[PDB]
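[1] Need coordinates for the below:
(chains A, B, C, D and E)
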Amino acid sequence: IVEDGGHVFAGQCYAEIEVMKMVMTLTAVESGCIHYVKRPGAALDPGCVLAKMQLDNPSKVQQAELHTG
Amino acid sequence: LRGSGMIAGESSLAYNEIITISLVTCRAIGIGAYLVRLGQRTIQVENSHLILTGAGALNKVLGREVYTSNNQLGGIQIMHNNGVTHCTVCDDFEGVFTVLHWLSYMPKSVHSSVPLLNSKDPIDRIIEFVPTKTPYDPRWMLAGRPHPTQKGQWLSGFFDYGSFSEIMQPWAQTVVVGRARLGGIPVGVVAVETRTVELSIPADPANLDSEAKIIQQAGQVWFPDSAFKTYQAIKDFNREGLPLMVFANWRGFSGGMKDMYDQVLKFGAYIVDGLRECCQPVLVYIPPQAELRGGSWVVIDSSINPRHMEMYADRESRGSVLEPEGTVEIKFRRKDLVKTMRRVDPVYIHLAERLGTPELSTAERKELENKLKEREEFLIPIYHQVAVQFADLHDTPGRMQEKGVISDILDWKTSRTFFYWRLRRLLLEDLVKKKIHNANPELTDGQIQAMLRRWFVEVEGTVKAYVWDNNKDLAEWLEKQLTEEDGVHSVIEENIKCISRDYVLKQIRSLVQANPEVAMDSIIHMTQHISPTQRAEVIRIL
Amino acid sequence: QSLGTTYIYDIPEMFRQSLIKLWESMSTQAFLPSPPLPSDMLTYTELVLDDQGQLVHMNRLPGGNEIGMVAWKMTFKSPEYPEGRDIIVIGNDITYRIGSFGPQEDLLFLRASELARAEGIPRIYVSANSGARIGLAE
Amino acid sequence: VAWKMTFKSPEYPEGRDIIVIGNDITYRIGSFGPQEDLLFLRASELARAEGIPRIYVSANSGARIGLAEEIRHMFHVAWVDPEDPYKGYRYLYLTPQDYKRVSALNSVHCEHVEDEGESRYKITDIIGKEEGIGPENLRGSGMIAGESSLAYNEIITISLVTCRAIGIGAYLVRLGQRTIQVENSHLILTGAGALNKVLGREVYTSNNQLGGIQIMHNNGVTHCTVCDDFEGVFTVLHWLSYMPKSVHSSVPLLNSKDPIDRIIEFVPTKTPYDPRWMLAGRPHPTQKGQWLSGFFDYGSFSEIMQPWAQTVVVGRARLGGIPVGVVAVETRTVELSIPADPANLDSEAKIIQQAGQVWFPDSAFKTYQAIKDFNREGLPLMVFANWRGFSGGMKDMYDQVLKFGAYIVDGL
Amino acid sequence: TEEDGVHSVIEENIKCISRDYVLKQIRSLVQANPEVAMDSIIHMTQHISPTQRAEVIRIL
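    Numbering: from 1, shown residues only, chains lettered A, B, ... in the order given. Okay, here it is:
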């Protein structure tokens, strides 16, 4: 329901889908610039990736994996 | 008991012969109940109840005081929610009001035509509310709605303002059926709910396991309940003698475990038998943004009753054996997607041209190929979307009409006027065919169709053929032939009299051929009155 | 009324008055002539069983019933049928033997229905009752 | 493929006729074209002409479907923007070279347009030059639906589902009413894949969950189940040994080996009992090479609808070799199993005690169907009546049992 | 069982009844439609015994 490169808010709806023949509010949870990734109409499974976004508050460092047997 | 069974049978026949109605005022017990259902059309006053055996007896048999009031078992909250009761009323007065109001649509007897009114709602008006792909309350579509801003005007529906009187409203609410008036012509009416219904299932208090479930029921589907409700409504109106207007919008039958277990297939067969026995026009129209698929078309093709059925589609309606996704699933796989790139996509064509170059390092090959798969895979979804559109373009009315399976493409804005006048002459012509069939039942539908048109062309001239396709002019013309008694208009009647004479002659001639011994004595009686001149001439040719 | 229902013999004037309300409401929908006067809108005739269980047309005072069922032939002029139309109306009388269903009631029903079929016109049944008659030899 | 067949049988030694039609799944996976539909039509029309039975062996893949390959391989896309397709497309079109050949042939309808300098042929309607993949099959289908309803009203129709009958084939089978289903076959309208995608996951894995004998025999959609085609046909001829060659003919009489002037050894009791013992007899508890004789001819009783609505027991039998229809009443409590709906995680499988000597919705429906079918065949009826009343509980009342009582009344 | 014997008696009586019933149908038909009668006679008269024709003139 938005477009690419659009600022959003916490708690702001960003998509709406039909599941089990019924609607679902895809509520956004964090504010920032969205770039819509997974193009619409495709079936998806839990834990998929639908978008990236550039938030306005960056945060701490993140993962670096090193362990191998 | 003898008397009761006797009148049960008699009443079953009555239902097949005339209109039966029943009013539940206080309580209907046993045979009274059975008579009420046999009456079929049932109005139920509040605080009445409908039972066979009393709560006391049943509680004792069941060892405890399960039930406290017959209303728990037979009240309006059961029969109105399940379609056993057709209408509910607060009192007897309101019952009678409903009776006469229904009756204002119905013919005095079966030998008589529907009573026509001169209505104050004109015929050549436009419909202000416009149906949308987005779901909507169909009451706006049928009866109209208030205008959102000015609020003192009315956004007109398809049918005449204030004329629509619903039935079975709270039961099986995925479909809505009823009676209405179009310019004061009573019609039967079928429409489709588009939003998901939320159905309440009551708890069985006898059984502690049963809890009240709550079910989502998708739109555009026929269920067992819907099919049953439909069979009963179609038959009843059919036994009244009304034409039908269907605002058709069905995606398919529900094929899920529950409905399959519950025998939806059986009730589809029954509807088929019922309409096959239908005797007056059925007009089906798929409105804009609706679609009609597979089984639903098959079971309502005009071939079942060509004599009486007609089908119309809006430009923005759609219909096929199979929806795009499943057609695509079979006839648009990966191979076809790559193939399509190979013909049309410049990046794929260009890249493929380069992969089609000799003496490249296998490094260069694999790098190009990966770049190709990445481009391809990224491109696959959209190109699938294009595919479904492509399939959808196969489903249009043009093809249907070219092969002769549909009668016309309509335009929604002016569809009302067309259907009014069209129905008026289709119906009147049918009435005349009934008159003809009465004149000689042995003639086939085809030959009956034939000759009437030809007698018209004979009288009014081959040059005037085209007029036949003008509803209005033949309608006005037909009426003058029909209305002036003992005029110069009983021409078709005179011709029919000749045909009747011919048919009668065939009956006596055939009868004597089978039974020649009867001839001589038949003559004495036949000779019993005739002109003296005929007697002499008979001697001359003897 | 104390049983929460309507006395059988009051129905006719309540339909006629209702018919007036209808004559009013339908004028919204159509151009109509002026309604007729109420006395001229309807004529009814009571249907009554002779000794042989055969039908007899009867103009008698209300209350004369010896069984729990009453029926009439009714003709009336309506907006849709101003020259007149016929129906058959049958109704239970809850005051005669708690509205039980005896052989005379069954027979009345039979012969009224048979005539209804004879003319092809509709049959309206008002059901408010206690089922089949029962008894033991006192 | 279809044939007229005549054969001499013990009951009809001078001969009797039937018409048999069957699908060939190997010719275009058994799709349904106009010629196939017409063969069905004309065979049925003749069947009606002589009044003799119609047997349809359904093993098929439903209506024919297809897309025009010839176009598929030559169409072009009119992109909104070539440098980005994902901003949507407006239409597909053909160059004048591609258009100038199909144009003559009623294949598509296009309109010429000038756009971006070039001349394109905007595709407006797809007509499709290939005959037999279109709504003509729909017309043919409705036609044979009506015709088949009449056939059912005119002669005995029976249908056998061997591997799978899809959609309209199923509908013809139900219209045939009398239905035999080979084990391991299945019966559906829309496939598990399609439905699972619509529901976003693989809920169901096999058509047998939906249409096997475990559904249709337990709900009365299927009249008999068989392990193979041979056992189906065996059952067919066995039934036919009870049925008249045509409607113009009398019941076929046998000289039976079970005498007429014998006594019944079994004596009915207030205590409940298997009515099959009552009808056909039972083995003697002590001697066990003897036989406790039933009412009817030894070995003559052939049941129907056995696992569905087991509060009543219905079937066919012979009295001195005269075929009759048979109705009896279960007196012992039935324990009915209702399966769980796997689609809905709430729905659980109830298990119900069903008292004897009562008519239920199922029983009444099953009863209406049996009475009507035999009645339209012209068979005598034997009812062993023992009923305490109608069931008046919430569920059956909600499910409209009263309505079906009215229906039995019309039928008789 | 015995075809064309002296056993088809009730059948013969029924045949007479059928003849009578047919006669009533034709008679009723002429009552409703006497104008069709004359031409029906010519076809009806087309074969019958000569004696019946002469006697008919005698009683004419």
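
[2] okay, now residue B:305: neighbour count?
    A total of 19 residues lie near residue B:305 under the criterion other Cβ atoms under 10 Å in any protein chain shown. For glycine as for every other residue, the C-beta is placed from the backbone atoms N, C-alpha and C.

[3] can you give me the strands in the stretch 1-150 of chain B?
    Using DSSP state E, counting those that start in this stretch, the strands of the stretch 1-150 of chain B run over B:20-24, B:27-29, B:41-45, B:49-51, B:87-89, B:145-146.

[4] separation between whichever residue of chain C sits closest to chain B and chain A?
    Nearest residue of chain C to chain B, counting by Cβ to the nearest Cβ: residue C:106, 3.3 Å away. As for residue C:106, its distance to chain A is 53 Å (criterion: Cβ to the nearest Cβ, to the nearest Å).

[5] How about residue D:259?
    Where chain A is concerned, residue D:259 sits at a distance of 65 Å (Cβ to the nearest Cβ).

[6] any idea which helix or strand carries that residue?
    No secondary structure element spans residue D:259, as it lies outside all helices and strands (assigned by DSSP states H and E).

[7] Neighbours of the residue of chain C closest to chain B, how many?
    Around residue C:106 sit 20 other residues, with neighbours defined as other Cβ under 10 Å.

[8] and what of residue D:246?
    By the criterion of other Cβ under 10 Å, residue D:246 has 14 neighbours.

[9] and the nearest residue to it once chain neighbours are set aside, what is it in contact with?
    Using Cβ to Cβ, 6 or more residues apart in numbering or on different chains and skipping the chain neighbours, the partner closest in space to residue D:246 is residue D:51 (4.6 Å). The contact partners of residue D:51, by Cβ atoms under 8 Å, 6 or more residues apart in numbering or on different chains, come to D:154-155, D:246-248.

[10] Could you identify the buried members of the residues you listed?
    The neighbour-count test (16 or more other Cβ atoms under 10 Å in any protein chain shown) marks D:154-155 as buried among these.

[11] among the contacts of residue D:51, which are in helices?
    In this view, these that belong to helices under DSSP state H are residue D:154.

[12] which residues touch the closest residue to residue B:140 other than its chain neighbours?
    Spatially, and ignoring its direct neighbours in sequence, residue B:140 is nearest to residue B:129 (5.1 Å; Cβ to Cβ, 6+ apart). Under the criterion of Cβ under 8 Å, 6+ apart, the contact list for residue B:129 reads B:140-141, B:144-145, B:155-157.

[13] filter the residues you listed to the buried ones?
    Listed as buried from those are B:140-141, B:144-145, B:156-157; burial here means 16+ other Cβ under 10 Å.

[14] Point me to the residue of the stretch 301-450 of chain B nearest chain D.
    Closest contact between the stretch 301-450 of chain B and chain D, by Cβ to the nearest Cβ, is at residue B:301 (2.8 Å).

[15] just checking, that residue touches residue D:141?
    Yes. Using Cβ atoms under 8 Å, residue B:301 makes contact with residue D:141 at a distance of 6.8 Å.

[16] partner residues bridging the residue nearest the centre of chain A?
    The structure's chain A has its C-alpha centroid closest to residue A:51; by Cα atoms, centre = their mean the separation is 4.0 Å. Using DSSP bridges, the bridge partners assigned to residue A:51 are residue A:36.

[17] still on that earlier bit, for the residue nearest to residue D:246, phi and psi?
    Dihedral angles phi and psi of residue D:51 (degrees, to the nearest 10) take the values phi 80, psi 10.

[18] any idea how far it lies from chain C?
    Note on residue D:51: its distance to chain C, by Cβ to the nearest Cβ, is 32 Å.

[19] Once you drop chain neighbours, what's closest to the residue of the stretch 1-150 of chain B found nearest chain E?
    Closest to chain E within the stretch 1-150 of chain B is residue B:111: 18.8 Å, counting by Cβ to the nearest Cβ. Using Cβ to Cβ, 6+ apart and skipping residues adjacent in sequence, the residue nearest residue B:111 is residue C:120, 6.8 Å away.

[20] The one you found: how many residues sit nearby?
    Residue C:120: 15 surrounding residues under other Cβ under 10 Å.

[21] same deal with residue B:533?
    By the other Cβ under 10 Å criterion, the neighbourhood of residue B:533 contains 8 residues.

[22] Mind telling me what element it is part of?
    Element membership of residue B:533, judged by DSSP H and E, is helix B:532-541.

[23] Is there contact, residue-wise, from that helix to chain E?
    Yes. Among the residues of helix B:532-541, B:534-535, B:538-539, B:541 lie within reach of chain E under Cβ under 8 Å from any Cβ of the partner chain.

[24] Tell me the buried residues in stretch D:404-412?
    Along stretch D:404-412, these residues count as buried under the neighbour rule (16+ other Cβ under 10 Å): D:404-409, D:411.

[25] To clarify, my last question referred to stretch D:62-71.
    D:62-68, D:71.

[26] and those residues, which two are the farthest apart?
    With distances taken as Cβ to Cβ, the most widely separated pair in the buried residues of stretch D:62-71 is D:62 and D:71, at 24.1 Å.

[27] Where is the longest helix in chain C?
    Ranked by number of residues, the top helix in chain C under DSSP H is helix C:11-29.

[28] What helices and strands are in contact with that one?
    helix B:92-103, helix C:38-41, strand C:42-49 (3 or more Cβ pairs under 8 Å, 6 or more residues apart in numbering or on different chains; DSSP states H and E).

[29] Contacts (any at all) between chain B and the helix or strand that the last one is followed by?
    Helices and strands here follow DSSP H and E; after strand C:42-49, the next one along the chain is strand C:55-58. No. Using Cβ under 8 Å from any Cβ, strand C:55-58 stays clear of chain B, with a minimum separation of 15.0 Å.

[30] Of all the residues in strand C:55-58, which ones are buried?
    Buried residues in strand C:55-58, counted by 16+ other Cβ under 10 Å: residue C:55.

[31] Just the CA atoms of it, as PDB, please.
    C-alpha atoms of strand C:55-58 as PDB (Å, rounded to 0.1, in the frame of the first residue of the first chain):
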ATOM      1  CA  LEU C  55     -70.200 -28.300   1.100                       C
ATOM      2  CA  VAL C  56     -72.900 -25.700   1.700                       C
ATOM      3  CA  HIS C  57     -72.600 -22.000   1.300                       C
ATOM      4  CA  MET C  58     -73.800 -20.200   4.400                       C
END
